[PDB]
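Participant: could you work out the structure for the sequence below:
(one chain, ligands or ions: 1)
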Amino acid sequence: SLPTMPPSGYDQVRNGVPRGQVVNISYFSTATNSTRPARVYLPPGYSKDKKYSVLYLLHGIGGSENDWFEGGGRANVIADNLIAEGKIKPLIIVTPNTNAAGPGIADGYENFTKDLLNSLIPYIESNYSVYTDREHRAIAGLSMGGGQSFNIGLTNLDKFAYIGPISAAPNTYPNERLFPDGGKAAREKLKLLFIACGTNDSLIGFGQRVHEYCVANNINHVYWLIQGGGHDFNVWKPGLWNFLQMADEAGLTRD
Ligand SMILES: [Pt+2]
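Facilitator: Numbers count the residues shown, from 1 in each chain. The coordinates are given below.
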């Protein structure tokens, strides 16, 4: 069953496994009034004749859109291998720069909500062959990125049906702000809420309180703790490996 600890080699390049391509892109953001960078993972065999689902994967504080790839996440390798094992269908993974800083910006990480929704998503949808409905859009991330996944995803259930916060940081909104309707929309529209963290992580308390709220308010979700896990990729990689499969099972890649 899932979630579970991944098998050795899940994150290593395997001989004979088709590799997707990671491309660097830039887009104009009305949120920052500047050109912003991002990376896009195109699955092996990517073709404009078919539509793909999209996962927006967010990095941590001070990080970049490279963190989830050669920065330690190895997201492309993990995805490549899962596709080859028939555990997930191909999908596009977008890694943005989560600090939408700019002129007169109070909080760049908060400003990122507008950047993602009004600039990045529209750019991706007009430049790649993808579905544009909530049932084919997921959001996940680590630390500050996990906090943004909670924040953006739960307050925009009309746009995301799968949410995966890993080791969510303090920027995570209070429970009342994440579920202003007592969890009505979450129970009926959210296909997957995957919360994961290492037990040795100092920030464990944030995902923990969201989990406690979901239990008390009967909100279905998956809470997974990696025993002895720290604030590092030895927790974030297994988190992604599991999220990809669970989101796929939940319908993320449904035709
Ligand atoms: Pt922070």
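Participant: now for the longest helix belonging to the chain, which elements pack on it?
Facilitator: Secondary structure of the chain read by DSSP state H shows that its longest helix is helix 233-250. Other helices and strands packing on helix 233-250, by 3 or more C-beta pairs under 8 Å, 6 or more residues apart in numbering; DSSP states H and E, are strand 54-58, helix 75-84, strand 137-142, strand 162-166, strand 192-198, strand 222-226. (C-beta placed from N, C-alpha, C; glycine too.)
Participant: which residues make contact with that helix from outside it?
Facilitator: Residues outside helix 233-250 that contact it (C-beta atoms under 8 Å, 6 or more residues apart in numbering) are 2-6, 10-11, 55, 57, 68, 72-75, 78-79, 82, 87-89, 138, 140, 142, 161-162, 164, 166-167, 191-192, 194, 196-198, 201, 222, 224, 226, 229.
Participant: can you give me the angle it makes with strand 137-142?
Facilitator: In terms of direction (axes from the mean of the first three to the mean of the last three C-alpha atoms, to 10 degrees), helix 233-250 departs from strand 137-142 by 160 degrees.
Participant: wondering if whichever strand or helix holds residue 207 reaches the ion at all.
Facilitator: Taking DSSP states H and E as the criterion, the element that holds residue 207 is helix 204-216. No: taking C-beta under 5 Å from the ion as the criterion, helix 204-216 and the ion are apart, separated by no less than 10.8 Å.
Participant: now that helix, how far from the centre of its chain.
Facilitator: Its chain's C-alpha centre and that of helix 204-216 lie 19 Å apart, by C-alpha atoms, centre = their mean, to the nearest Å.
Participant: quick revisit: can I get the helices and strands packed on helix 233-250 in a markdown table with distance to residue 152?
Facilitator: Formatted as a markdown table, the helices and strands packed on helix 233-250 follow (distance: least, C-beta to C-beta, whole Å):
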| stretch | distance to residue 152 |
| --- | --- |
| strand 54-58 | 9 |
| helix 75-84 | 19 |
| strand 137-142 | 6 |
| strand 162-166 | 9 |
| strand 192-198 | 13 |
| strand 222-226 | 19 |
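Participant: any idea which of those gets closest to residue 154?
Facilitator: Across the helices and strands packed on helix 233-250, the minimum distance to residue 154, taken as C-beta to C-beta, is reached by strand 162-166, at 6.7 Å.
Participant: count of residues packed around residue 56?
Facilitator: Taking other C-beta atoms under 10 Å as the criterion, the count of residues near residue 56 is 26.
Participant: that one pairs with what?
Facilitator: According to DSSP bridges, the partner residues bridging residue 56 are residue 94, residue 139.
Participant: need the contact list for the nearest residue to residue 38 once chain neighbours are set aside.
Facilitator: Across the structure, with C-beta to C-beta, 6 or more residues apart in numbering as the measure, the residue nearest residue 38 apart from its sequence neighbours is residue 96 (4.6 Å). Taking C-beta under 8 Å, 6+ apart as the criterion, residue 96 is in contact with 36, 38, 56, 58, 65, 112, 115-116, 120.
Participant: please determine how far residue 96 is located from residue 25.
Facilitator: To residue 25, residue 96 is 10 Å away according to C-beta to C-beta, to the nearest Å.
Participant: which neighbours do the two have in common?
Facilitator: Residues touching both residue 96 and residue 25 (C-beta under 8 Å, 6+ apart) are residue 38.
Participant: before we move on, what SS does residue 202 have?
Facilitator: Under the three-state scheme (DSSP: H, G, I helix; E, B strand; the rest coil), residue 202 adopts coil.
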